[PDB]
Structure formats: C-alpha cells, structure tokens
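Reading through the structure tokens given below for one structure.
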Amino acid sequence: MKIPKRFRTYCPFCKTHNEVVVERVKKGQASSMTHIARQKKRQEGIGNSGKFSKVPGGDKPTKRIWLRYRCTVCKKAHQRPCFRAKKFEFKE
Amino acid sequence: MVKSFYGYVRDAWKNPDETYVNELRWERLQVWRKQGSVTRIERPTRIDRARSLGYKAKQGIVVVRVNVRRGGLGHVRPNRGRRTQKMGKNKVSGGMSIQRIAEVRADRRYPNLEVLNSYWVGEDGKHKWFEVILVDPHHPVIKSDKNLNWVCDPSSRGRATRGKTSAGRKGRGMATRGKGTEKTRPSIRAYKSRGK
RNA sequence: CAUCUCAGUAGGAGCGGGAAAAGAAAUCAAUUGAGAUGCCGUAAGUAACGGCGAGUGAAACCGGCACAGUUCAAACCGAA
RNA sequence: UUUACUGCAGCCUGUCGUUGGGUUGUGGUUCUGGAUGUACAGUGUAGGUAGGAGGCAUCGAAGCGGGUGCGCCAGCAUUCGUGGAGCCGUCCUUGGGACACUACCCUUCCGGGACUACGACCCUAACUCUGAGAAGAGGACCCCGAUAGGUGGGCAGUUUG
Ligand SMILES: [Mg+2]
Ligand SMILES: [Mg+2]
Ligand SMILES: [Mg+2]
Ligand SMILES: [Mg+2]
Ligand SMILES: [Mg+2]
Ligand SMILES: [Mg+2]
Ligand SMILES: [Mg+2]
Ligand SMILES: [Zn+2]
C-alpha cells in the first residue's frame with residue numbers, strides 16, 4: 001500500500017486543480033483544562049466515580065490511515081474520508 | 001497619633017510570631033497544658049478583643065478558657081453494608097467548627113449563665129484554646145443595665161446550642177446577603193438542610 | 001448496576017416558647033434604578049446539574065399580607 | 001471462596017505543623033580588594049563595552065621583585081619598594097575586545113559573613129515514660145493532625161448474558 005508524496009488534486013479553497021502535499025495526522029495529547037478534566041476533578045471523592053473508573057476499551061484488528069492533504073499555494077490543508085490498511089508505505 | 005493602649009495590644013496580637021508574644025506563648029503553653037478542659041480565669045488574655053465583643057468589668061460577667069482537640073470529626077467505620085460512597089469516613093471532616101464545640105462545652109459546664117462570644121487565644125500540635133465570655137442574667141447589675149438587659153428574655157435560653165452566637169451564624173451560612181445564601185436564610189431546616 | 005436516585009428522607013443527640021428562626025446592605029441591579037426581614041402568588045419544570053441516561057432543580061425583577069427602627073467598641077472628659 | 005469489577009479499614013513510606021540552641025561539608029543567595037579585561041604582547045592590562053578619544057605626571061609617573069588585584073614571574077597601579085615618566089593615541093601593539101582620569105552600572109573576586117534547603121554529630125528547656133515527690137531515663141526522635149504513593153477477600157456493594 002503506497003501513495004505518492006505529491007500529486008495534483010482539486011483544492012476546495014482555491015477551487016482549482018494544483019499540487020498538494022500529503023502527510024500523516026498524529027493524534028495529540030488531551031489537555032487538562034477542557035471541561036471533561038474539570039469534571040473529572042469535581043467527581044473525584046470517596047469510592048467509585050462513574051465514567052472515570054471505566055476500564056479502557058479494546059481495539060479493532062486494523063485502524064484507518066489518517067492523512068492530511070495540504071495545498072502548496074495557499075498552504076491550507078483539508079481532510080478526506082480515510083481507508084483501512086495494515087502496512088502503509090508512503091511512496092514519494 | 002493619639003492612640004489608646006487597646007490599639008497597641010491589638011497590634012501586638014496582630015502578628016504573634018514576630019513580637020514579644022511568642023515568648024509569652026512559650027511560657028503559657030506549659031501552664032495551660034497542665035490545666036483541665038474548662039477553667040475560669042479572672043482577666044481576659046486579650047483585653048481589646050474582649051472589649052470589642054461586649055465585655056465590661058461588672059459582676060455577673062465571667063470569662064473561661066476552653067480546650068478543644070484539633071482535627072476533623074473522628075468517625076467510625078460503618079459496621080454493616082454501605083454503598084461505597086457512604087463507606088468511607090477517614091477524609092470526611094465534620095460540619096461543625098471548633099469554636100462552636102468550645103462554646104457548647106463551656107455552656108454545658110455553667111448551667112445558669114449564657115454564652116455571649118469567644119475568640120482564639122492559642123494553639124499547638126494537639127490542642128486549641130478559646131476564651132468564652134459568659135453573662136449571668138439573674139444578677140441585679142445585669143438587670144439594671146440598659147445594654148445587656150436583652151438577655152433577661154425568654155428567647156435567650158440556650159443561646160449557644162441553637163446557633164445564635166456569632167460563630168453559630170457564621171456556621172449557618174448567614175454571615176452575608178445575596179448570591180449563595182438562597183438556601184441558608186432564615187434557617188437551614190426551612191429548606192430541608194440543602195444549604196450548608 | 002457502581003456515579004446518580006430513594007434523601008438530608010426514616011432514625012438519633014442537644015436546646016427551647018406560646019410561637020420560634022430571620023431582620024436593618026461591605027445587597028440586588030445595568031448603562032440612568034431600588035432601598036430591613038418573614039410569608040403567599042408568579043418567574044418555571046425555565047437557567048443550571050447529570051453513565052448529559054433515568055432523573056434533580058433555583059433566584060432576582062413584579063403583585064400582595066403586615067410595617068419600625070436602633071444599641072455597643074474607639075477617638076474627647078477620667079470615678080462625675 | 002478467589003490472581004472476577006469497583007472500593008474501604010489496618011499497616012509501610014515522603015512532605016507540611018507541633019519544633020528549639022550549636023558543630024561543621026554543601027550551593028547560590030548575598031558582598032568586598034582589581035576592570036580584574038592579557039594571545040597579531042605591551043611604549044599600555046581590550047581602565048568591559050565606550051562621544052573610536054585627551055585628562056592625569058618630582059605640583060608622582062615607568063619597566064622589576066617571592067612576583068601587589070591578577071596574568072603570558074610581561075606590567076596599566078603607585079602599593080612594601082625600585083629606578084626617579086607611564087602621558088592620549090590623529091605612532092591606535094591601526095584591535096576577538098585597541099585601550100586615557102569624575103567611574104569598574106557589569107569577565108570577576110568570591111572572610112563568602114549573611115535567612116534559607118539538604119546529610120551527619122552534639123546540647124537541653126519544649127515533649128514522652130517511670131515515681132507520692134525529689135529525681136531518673138530518652139529527646140527535638142517518637143506519638144498526634146493533614147496530605148501523597150504503595151500493599152491490602154481483613155471487610156462492603158455488585159456482576160457472572
Ligand atoms: Mg467534659
Ligand atoms: Mg426572636
Ligand atoms: Mg426543659
Ligand atoms: Mg440576628
Ligand atoms: Mg436532592
Ligand atoms: Mg465479597
Ligand atoms: Mg441494592
Ligand atoms: Zn489551495
């Protein structure tokens with residue numbers, strides 16, 4: 001499973017066909033100031049705590065490949081529905 | 001500045017750790033530890049605070065040092081089956097402050113007088129000390145008085161065990177007005193105790 | 001079913017009168033105003049909370065009943 | 001009942017309070033004696049840097065010592081002297097930085113004195129035990145209040161379609 005580093009595809013902002021650069025979308029780290037974290041602080045007391053003592057869930061046999069297509073003119077990225085592959089070479 | 005000596009005493013007790021009062025604390029703590037739970041003392045330890053809280057030099061007015069432990073409400077683990085939220089009791093401090101406990105013990109010791117106010121006078125690693133001002137309502141000097149005859153009334157009995165003192169009203173959530181006091185006035189019981 | 005709900009309920013300890021509790025803004029408002037407290041009506045099953053599930057859940061403005069404001073500490077005199 | 005899910009007592013340990021006085025090893029904090037600042041040296045020591053330079057000087061300025069701040073035992077300071085001129089640099093040692101007094105405000109030097117936090121040791125007056133008491137034995141440790149992490153079928157509520 002390869003895919004070119006660059007190719008020519010419609011840019012939804014420029015509304016024209018021109019080169020794009022493909023890259024990998026890396027999952028960030030959850031911050032501590034969102035309201036879920038504040039709720040987790042407010043709900044920690046004595047004993048059980050509901051959602052925040054849930055065991056972590058399982059996983060699926062193969063995840064999707066999450067990619068971001070960034071234009072080379074306006075530098076504005078856009079995302080597309082992603083396929084599912086095990087080994088993903090990124091064939092420039 | 002033309003200033004009374006009550007002001008100087010007030011300043012001296014403003015920051016105890018950085019004046020001559022620290023040495024006096026060192027001497028006094030030993031004598032206080034040797035004493036009992038409740039003790040009658042002739043003069044208040046801090047004159048300015050007592051005069052501010054309504055102390056006068058007359059018959060029928062008594063002042064007492066009470067002794068109360070530190071820490072929260074010492075609570076027992078439930079014997080039978082709780083639900084894991086009511087099962088824990090080690091971190092559950094009380095809902096009653098320590099001044100209130102002190103004044104209630106003083107009231108329990110003196111069955112004929114009535115509590116007026118109290119104030120903080122010292123503390124160490126095991127104990128805290130307060131002084132409680134008590135007034136006798138059946139003494140003629142109090143009866144003749146115009147600023148104290150309100151205590152000779154049939155609604156002032158048990159004034160400390162019904163949360164009518166200043167610390168009691170602090171603990172009832174009625175030290176202020178407005179936002180936050182929706183369920184604390186005119187009483188805790190009136191709203192099914194959802195305030196406090 | 002564990003947070004939640006049942007519910008500050010049932011129950012317990014203390015105090016206490018013909019009533020008790022509260023009570024004279026370090027308040028509520030919004031551009032500019034009102035002027036102690038209590039109780040009834042409404043706001044309203046709204047805002048808010050919540051395995052955002054089941055459920056829980058106000059206040060202010062406004063209309064009434066009844067109306068009431070004051071006393072110490074200190075600065076000045078020093079036993080009057 | 002247990003190495004089922006979630007918790008709670010008990011116990012082990014860090015930190016804060018109770019909690020004081022000294023011995024020193026720690027590090028800056030904080031403070032002096034010199035701009036200490038110096039390789040293409042120097043008549044000069046980049047008196048940081050710098051009005052890319054002009055005031056000092058028998059009315060005090062030099063080469064040298066174990067070497068005086070310090071460094072390249074050179075030499076700006078005048079210090080203990082020593083000869084009895086280093087002057088600025090528009091002779092810039094034509095510069096890493098090129099340099100002159102009212103400025104060193106600042107590489108630094110660092111009795112590091114000073115409050116602080118750590119590891120160890122000593123003392124008694126808090127505190128603890130024993131005794132009717134004198135007193136004796138320990139001692140800022142332990143116990144205690146709070147908080148953080150662990151172990152925990154000792155115990156509780158449930159699930160096991
Ligand atoms: Mg007792
Ligand atoms: Mg009343
Ligand atoms: Mg009775
Ligand atoms: Mg009142
Ligand atoms: Mg409720
Ligand atoms: Mg079991
Ligand atoms: Mg059940
Ligand atoms: Zn584009």
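Naming scheme: A, B, ... for chains in displayed order of the structure tokens; residues 1 onward per chain; ligands 1 onward as shown.
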
List the neighbours of range 9-23 of chain C out to 10 Å using only C-alpha atoms (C1' of nucleotides); skip same-chain residues closer than 2 positions along the sequence, and give me the result as a PDB file with N, CA and C atoms (P, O5', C5', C4', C3', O3' and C1' of nucleotides), in the first residue's frame.
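Full text of result05.pdb as output:
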ATOM      1  N   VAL B 104     -20.033  25.232  73.237  1.00  0.00           N
ATOM      2  CA  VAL B 104     -21.019  24.290  73.751  1.00  0.00           C
ATOM      3  C   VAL B 104     -20.507  23.601  75.011  1.00  0.00           C
ATOM      4  N   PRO B 154     -37.167  35.441  77.535  1.00  0.00           N
ATOM      5  CA  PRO B 154     -37.475  34.022  77.356  1.00  0.00           C
ATOM      6  C   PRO B 154     -37.151  33.477  75.977  1.00  0.00           C
ATOM      7  N   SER B 155     -36.374  34.200  75.175  1.00  0.00           N
ATOM      8  CA  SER B 155     -35.886  33.696  73.900  1.00  0.00           C
ATOM      9  C   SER B 155     -34.367  33.656  73.850  1.00  0.00           C
ATOM     10  N   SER B 156     -33.700  33.813  74.990  1.00  0.00           N
ATOM     11  CA  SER B 156     -32.249  33.774  75.061  1.00  0.00           C
ATOM     12  C   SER B 156     -31.727  32.584  75.847  1.00  0.00           C
ATOM     13  N   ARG B 157     -32.603  31.722  76.351  1.00  0.00           N
ATOM     14  CA  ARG B 157     -32.153  30.492  76.983  1.00  0.00           C
ATOM     15  C   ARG B 157     -31.514  29.582  75.947  1.00  0.00           C
ATOM     16  N   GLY B 158     -30.412  28.944  76.327  1.00  0.00           N
ATOM     17  CA  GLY B 158     -29.734  28.043  75.409  1.00  0.00           C
ATOM     18  C   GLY B 158     -29.249  28.740  74.160  1.00  0.00           C
ATOM     19  N   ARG B 159     -28.741  29.959  74.308  1.00  0.00           N
ATOM     20  CA  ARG B 159     -28.403  30.780  73.158  1.00  0.00           C
ATOM     21  C   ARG B 159     -27.266  30.199  72.331  1.00  0.00           C
ATOM     22  N   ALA B 160     -26.423  29.352  72.916  1.00  0.00           N
ATOM     23  CA  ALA B 160     -25.275  28.808  72.202  1.00  0.00           C
ATOM     24  C   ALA B 160     -25.561  27.478  71.522  1.00  0.00           C
ATOM     25  N   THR B 161     -26.502  26.695  72.035  1.00  0.00           N
ATOM     26  CA  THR B 161     -26.834  25.404  71.455  1.00  0.00           C
ATOM     27  C   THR B 161     -27.942  25.490  70.417  1.00  0.00           C
ATOM     28  N   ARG B 162     -28.257  26.690  69.933  1.00  0.00           N
ATOM     29  CA  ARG B 162     -29.192  26.858  68.828  1.00  0.00           C
ATOM     30  C   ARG B 162     -28.610  27.748  67.738  1.00  0.00           C
ATOM     31  N   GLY B 163     -27.295  27.927  67.728  1.00  0.00           N
ATOM     32  CA  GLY B 163     -26.625  28.664  66.675  1.00  0.00           C
ATOM     33  C   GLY B 163     -26.964  30.134  66.601  1.00  0.00           C
ATOM     34  N   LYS B 164     -27.068  30.806  67.742  1.00  0.00           N
ATOM     35  CA  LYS B 164     -27.378  32.226  67.753  1.00  0.00           C
ATOM     36  C   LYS B 164     -26.162  33.099  68.017  1.00  0.00           C
ATOM     37  N   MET B 174     -25.067  32.339  57.295  1.00  0.00           N
ATOM     38  CA  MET B 174     -25.788  33.604  57.332  1.00  0.00           C
ATOM     39  C   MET B 174     -24.892  34.743  57.786  1.00  0.00           C
ATOM     40  N   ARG B 185     -31.096  31.081  54.638  1.00  0.00           N
ATOM     41  CA  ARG B 185     -31.839  32.012  55.460  1.00  0.00           C
ATOM     42  C   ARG B 185     -33.318  31.809  55.164  1.00  0.00           C
ATOM     43  N   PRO B 186     -34.183  31.868  56.178  1.00  0.00           N
ATOM     44  CA  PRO B 186     -33.939  32.224  57.576  1.00  0.00           C
ATOM     45  C   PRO B 186     -33.483  31.063  58.444  1.00  0.00           C
ATOM     46  N   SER B 187     -33.211  29.895  57.875  1.00  0.00           N
ATOM     47  CA  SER B 187     -32.725  28.774  58.663  1.00  0.00           C
ATOM     48  C   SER B 187     -32.314  27.657  57.722  1.00  0.00           C
ATOM     49  N   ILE B 188     -31.492  26.751  58.243  1.00  0.00           N
ATOM     50  CA  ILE B 188     -31.101  25.575  57.480  1.00  0.00           C
ATOM     51  C   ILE B 188     -32.267  24.603  57.350  1.00  0.00           C
ATOM     52  N   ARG B 189     -33.015  24.383  58.435  1.00  0.00           N
ATOM     53  CA  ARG B 189     -34.106  23.413  58.405  1.00  0.00           C
ATOM     54  C   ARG B 189     -35.211  23.802  57.439  1.00  0.00           C
ATOM     55  N   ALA B 190     -35.394  25.096  57.184  1.00  0.00           N
ATOM     56  CA  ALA B 190     -36.510  25.531  56.357  1.00  0.00           C
ATOM     57  C   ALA B 190     -36.420  25.016  54.931  1.00  0.00           C
ATOM     58  N   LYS B 192     -34.947  21.952  54.031  1.00  0.00           N
ATOM     59  CA  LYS B 192     -34.549  20.550  54.089  1.00  0.00           C
ATOM     60  C   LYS B 192     -33.038  20.396  54.138  1.00  0.00           C
TER      61      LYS B 192
ATOM     62  P     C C   6     -34.180  11.791  45.132  1.00  0.00           P
ATOM     63  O5'   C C   6     -34.597  10.474  45.916  1.00  0.00           O
ATOM     64  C5'   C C   6     -35.802   9.793  45.606  1.00  0.00           C
ATOM     65  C4'   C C   6     -35.944   8.513  46.392  1.00  0.00           C
ATOM     66  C3'   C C   6     -35.908   8.647  47.902  1.00  0.00           C
ATOM     67  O3'   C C   6     -37.164   9.029  48.431  1.00  0.00           O
ATOM     68  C1'   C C   6     -34.503   6.867  47.227  1.00  0.00           C
ATOM     69  P     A C   7     -37.265   9.926  49.754  1.00  0.00           P
ATOM     70  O5'   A C   7     -36.276  11.144  49.489  1.00  0.00           O
ATOM     71  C5'   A C   7     -36.283  12.289  50.333  1.00  0.00           C
ATOM     72  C4'   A C   7     -34.901  12.867  50.519  1.00  0.00           C
ATOM     73  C3'   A C   7     -34.132  13.147  49.233  1.00  0.00           C
ATOM     74  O3'   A C   7     -33.202  14.202  49.452  1.00  0.00           O
ATOM     75  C1'   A C   7     -32.928  11.622  50.514  1.00  0.00           C
ATOM     76  P     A C  36     -36.034  48.202  52.559  1.00  0.00           P
ATOM     77  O5'   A C  36     -35.166  46.913  52.907  1.00  0.00           O
ATOM     78  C5'   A C  36     -33.836  47.024  53.386  1.00  0.00           C
ATOM     79  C4'   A C  36     -33.568  46.112  54.562  1.00  0.00           C
ATOM     80  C3'   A C  36     -34.221  44.741  54.538  1.00  0.00           C
ATOM     81  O3'   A C  36     -33.564  43.806  53.709  1.00  0.00           O
ATOM     82  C1'   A C  36     -34.527  45.701  56.659  1.00  0.00           C
ATOM     83  P     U C  37     -34.390  42.590  53.064  1.00  0.00           P
ATOM     84  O5'   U C  37     -35.011  41.827  54.315  1.00  0.00           O
ATOM     85  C5'   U C  37     -34.195  41.029  55.157  1.00  0.00           C
ATOM     86  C4'   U C  37     -34.976  40.415  56.292  1.00  0.00           C
ATOM     87  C3'   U C  37     -35.983  39.346  55.928  1.00  0.00           C
ATOM     88  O3'   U C  37     -35.395  38.088  55.646  1.00  0.00           O
ATOM     89  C1'   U C  37     -36.940  40.823  57.492  1.00  0.00           C
ATOM     90  P     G C  38     -36.045  37.116  54.546  1.00  0.00           P
ATOM     91  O5'   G C  38     -37.392  36.613  55.218  1.00  0.00           O
ATOM     92  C5'   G C  38     -37.378  35.712  56.313  1.00  0.00           C
ATOM     93  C4'   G C  38     -38.736  35.602  56.956  1.00  0.00           C
ATOM     94  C3'   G C  38     -39.817  34.943  56.123  1.00  0.00           C
ATOM     95  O3'   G C  38     -39.763  33.530  56.173  1.00  0.00           O
ATOM     96  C1'   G C  38     -40.654  36.940  57.057  1.00  0.00           C
TER      97        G C  38
END

With DSSP run on the backbone, what are the alpha helix (DSSP H) residues within chain A? I'd like them as a JSON list (two decimals) with C-alpha atoms, in the first residue's frame.
[["chain", "number", "residue", "atom", "x", "y", "z"],
["A", 35, "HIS", "CA", -14.40, 20.74, 30.80],
["A", 36, "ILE", "CA", -14.06, 16.95, 30.91],
["A", 37, "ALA", "CA", -10.90, 17.29, 33.02],
["A", 38, "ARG", "CA", -12.55, 19.83, 35.31],
["A", 39, "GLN", "CA", -15.47, 17.42, 35.71],
["A", 40, "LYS", "CA", -13.06, 14.59, 36.47],
["A", 41, "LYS", "CA", -11.61, 16.75, 39.25],
["A", 42, "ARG", "CA", -15.05, 17.65, 40.60]]

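Considering only C-alpha atoms, the residue among A:45, A:57, A:90, A:84 positioned nearest to chain B is A:45.
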
Mind dumping a table of every chain A residue within 8 Å of chain C, with the nearest atom pair and its distance in Å to one decimal, using only C-alpha atoms (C1' of nucleotides), sorted by chain and rising number, as a tab-separated table?
residue	atom	partner	partner_atom	distance
A:48	CA	C:2	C1'	6.2
A:49	CA	C:3	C1'	5.2
A:50	CA	C:3	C1'	4.2
A:51	CA	C:51	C1'	6.3

Would you output that residue set with N, CA and C atoms, as a PDB file, in the first residue's frame?
ATOM      1  N   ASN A  48     -16.281   4.839  44.214  1.00  0.00           N
ATOM      2  CA  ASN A  48     -16.432   4.749  42.772  1.00  0.00           C
ATOM      3  C   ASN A  48     -16.693   6.132  42.184  1.00  0.00           C
ATOM      4  N   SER A  49     -16.380   6.291  40.897  1.00  0.00           N
ATOM      5  CA  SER A  49     -16.540   7.609  40.294  1.00  0.00           C
ATOM      6  C   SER A  49     -17.180   7.580  38.909  1.00  0.00           C
ATOM      7  N   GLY A  50     -17.940   6.547  38.574  1.00  0.00           N
ATOM      8  CA  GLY A  50     -18.681   6.551  37.331  1.00  0.00           C
ATOM      9  C   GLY A  50     -17.830   6.416  36.089  1.00  0.00           C
ATOM     10  N   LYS A  51     -17.938   7.379  35.170  1.00  0.00           N
ATOM     11  CA  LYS A  51     -17.233   7.293  33.894  1.00  0.00           C
ATOM     12  C   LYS A  51     -15.727   7.207  34.068  1.00  0.00           C
TER      13      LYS A  51
END

Select from chain A every residue with an atom at most 9 Å from any atom of chain D, then for each give the shortest pair of atoms and their distance in Å to one decimal, using only C-alpha atoms (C1' of nucleotides), rows by chain and rising number, as a Markdown table.
| residue | atom | partner | partner_atom | distance |
| --- | --- | --- | --- | --- |
| A:46 | CA | D:7 | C1' | 8.4 |
| A:47 | CA | D:7 | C1' | 5.1 |
| A:48 | CA | D:6 | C1' | 6.3 |
| A:53 | CA | D:6 | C1' | 8.0 |

Include C-alpha atoms and write out the residues we just selected as a PDB file, in the first residue's frame.
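Written file, result.pdb:
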ATOM      1  CA  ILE A  46     -14.648   8.726  48.081  1.00  0.00           C
ATOM      2  CA  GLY A  47     -15.251   5.436  46.310  1.00  0.00           C
ATOM      3  CA  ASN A  48     -16.432   4.749  42.772  1.00  0.00           C
ATOM      4  CA  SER A  53     -13.332   4.390  36.702  1.00  0.00           C
TER       5      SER A  53
END

Expected answer as a tab-separated table (two decimals) with N, CA and C atoms, in the first residue's frame: residues within 10 Å of ligand 1, only C-alpha atoms (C1' of nucleotides) and all ligand atoms:
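Result file is part.tsv:
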chain	number	residue	atom	x	y	z
B	36	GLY	N	-7.16	21.76	83.11
B	36	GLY	CA	-8.23	20.88	82.67
B	36	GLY	C	-8.91	21.35	81.41
B	37	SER	N	-10.09	20.78	81.16
B	37	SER	CA	-10.83	21.11	79.95
B	37	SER	C	-11.35	22.55	79.99
B	38	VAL	N	-11.99	22.94	81.09
B	38	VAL	CA	-12.60	24.25	81.23
B	38	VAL	C	-12.09	24.90	82.51
B	67	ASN	N	-10.71	24.17	76.10
B	67	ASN	CA	-9.64	23.40	75.50
B	67	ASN	C	-10.26	22.35	74.58
B	105	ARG	N	-19.22	23.25	75.06
B	105	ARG	CA	-18.69	22.66	76.29
B	105	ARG	C	-18.76	23.66	77.44
B	106	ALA	N	-18.42	24.92	77.18
B	106	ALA	CA	-18.48	25.92	78.24
B	106	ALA	C	-19.91	26.10	78.74
B	108	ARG	N	-22.24	23.81	78.69
B	108	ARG	CA	-22.57	22.60	79.44
B	108	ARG	C	-21.99	22.64	80.85
B	109	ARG	N	-20.85	23.31	81.03
B	109	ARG	CA	-20.25	23.37	82.36
B	109	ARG	C	-20.94	24.37	83.29

Self-check item: Spatial neighbours of residue 76 in chain A, 8 Å, only C-alpha atoms (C1' of nucleotides), chain gap at least 5 places, as a PyMOL selection string
Solution: chain A and resi 13+70-71

Residue subset to file, keeping N, CA, C and O atoms, as a CSV table (one decimal), in the first residue's frame:
chain,number,residue,atom,x,y,z
A,13,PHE,N,-10.4,25.3,-1.6
A,13,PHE,CA,-10.4,26.7,-1.3
A,13,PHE,C,-10.0,27.5,-2.5
A,13,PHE,O,-10.7,28.5,-2.9
A,70,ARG,N,-2.3,18.9,2.2
A,70,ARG,CA,-2.0,20.3,2.4
A,70,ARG,C,-1.6,20.9,1.0
A,70,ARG,O,-0.8,20.4,0.3
A,71,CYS,N,-2.3,22.0,0.6
A,71,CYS,CA,-2.0,22.6,-0.7
A,71,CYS,C,-0.6,23.3,-0.6
A,71,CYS,O,-0.1,23.5,0.4
